[PDB]
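Undergrad: This structure is in structure tokens; I'll ask about it shortly.
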Amino acid sequence: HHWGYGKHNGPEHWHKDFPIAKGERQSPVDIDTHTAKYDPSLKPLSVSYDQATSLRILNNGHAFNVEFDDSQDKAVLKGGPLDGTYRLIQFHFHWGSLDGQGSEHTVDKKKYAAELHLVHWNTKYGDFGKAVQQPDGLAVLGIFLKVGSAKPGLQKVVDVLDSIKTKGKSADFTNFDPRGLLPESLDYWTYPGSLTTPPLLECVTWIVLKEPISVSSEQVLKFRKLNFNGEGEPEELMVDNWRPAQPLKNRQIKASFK
Ligand SMILES: NS(=O)(=O)c1ccc(CCNC(=S)Nc2ccc(I)cc2)cc1
Ligand SMILES: [Zn+2]
């Protein structure tokens, strides 16, 4: 009886195994655009992905991760609200059964069809497992997906998903350039929060871009053909793998822009 996204093991249950689920800095949150304050002190954001080394794509039973070589400073995030250097380790998405839901963050209670998380860890903690134990251990870059025009830079991901249909399957996934998943603008909101899946650790500086990327109906339909189950288990489509908005509590969402 492991955590997941069903009726019996979904987000409303997680607090029983992971009591931090009801903590003071949980994610995701609703971004109230009228309440978020421009912070002129935010340094410019630096996304340096030119040397990124992708290795593998993995269905982990909750989502699929595109994993990077993080054994040196290649692909890094710096600036914005961050002190120091954060190394890209993986990206993944959350998505819906229908185009009207799927994002974890919301904007004035609007849900997007999906949300991309580019996960980075603070190099001053030496490894990812040490970084998740620290309040400034991770920086997750969150990007909304809406359905419209295809995202050309996403199609290499869409085309390998047939090869990792079920939980525990992986495939080689070299030379993928995550710059092809970015919108034009790097304007963002930022707040202190958590991982959005168990173990729900309060270790994340969230950086959520205001400009969504557009993906096609056919691209998101291929995400929804993935399976939560393992091979030779009953088929359960990998859809609605999102946690809903959590209470903001004693936090302020800061805007990088006027
Ligand atoms: N949705 S999200 O963006 O907030 C998100 C991001 C990341 C995670 C991965 C948690 N893994 C952990 S805690 N330990 C771990 C430690 C070392 C290694 I190498 C692998 C695993 C979860 C959720
Ligand atoms: Zn995520």
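The numbers used for chain A are those of Swiss-Prot, and the residues that appear cover 3-260, in sequence.
Heads up, header says this was done by X-ray crystallography, 1.6 Å.
Just so you know, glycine gets a Cβ as well, placed from its N, Cα and C.
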Undergrad: Kindly point out which candidate in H119, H122 is recorded by Swiss-Prot as part of the Zn(2+) site with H94, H96.
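TA: Between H119, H122, Swiss-Prot records just one in the Zn(2+) site with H94, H96, namely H119.
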Undergrad: If I look at Swiss-Prot, which residue among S105, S172 would I find recorded as phosphoserine?
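TA: Residue annotated phosphoserine in Swiss-Prot: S172.
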Undergrad: Among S99, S165, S196, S216, find the residue to which Swiss-Prot assigns the annotation phosphoserine.
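TA: Comparing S99, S165, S196, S216 with the record, Swiss-Prot tags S165 as phosphoserine.
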Undergrad: Taking DSSP as the reference, which of helix, strand or coil describes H94 (Zn(2+) binding site)?
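TA: For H94 (Zn(2+) binding site) - judged by DSSP and reduced to three states - the answer is strand.
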Undergrad: Starting from the Cα of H96 (Zn(2+) binding site), work out which of the recorded positions (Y7, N62, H64, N67, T199) are within 10 Å.
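TA: Among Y7, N62, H64, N67, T199, the ones whose Cα sits within 10 Å of that of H96 (Zn(2+) binding site) are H64.
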Undergrad: For ligand 2, pick out the recorded positions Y7, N67, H119, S172, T198 that have a CB under 6 angstroms away from one of its atoms.
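TA: The recorded positions passing the 6 Å Cβ test are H119, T198.
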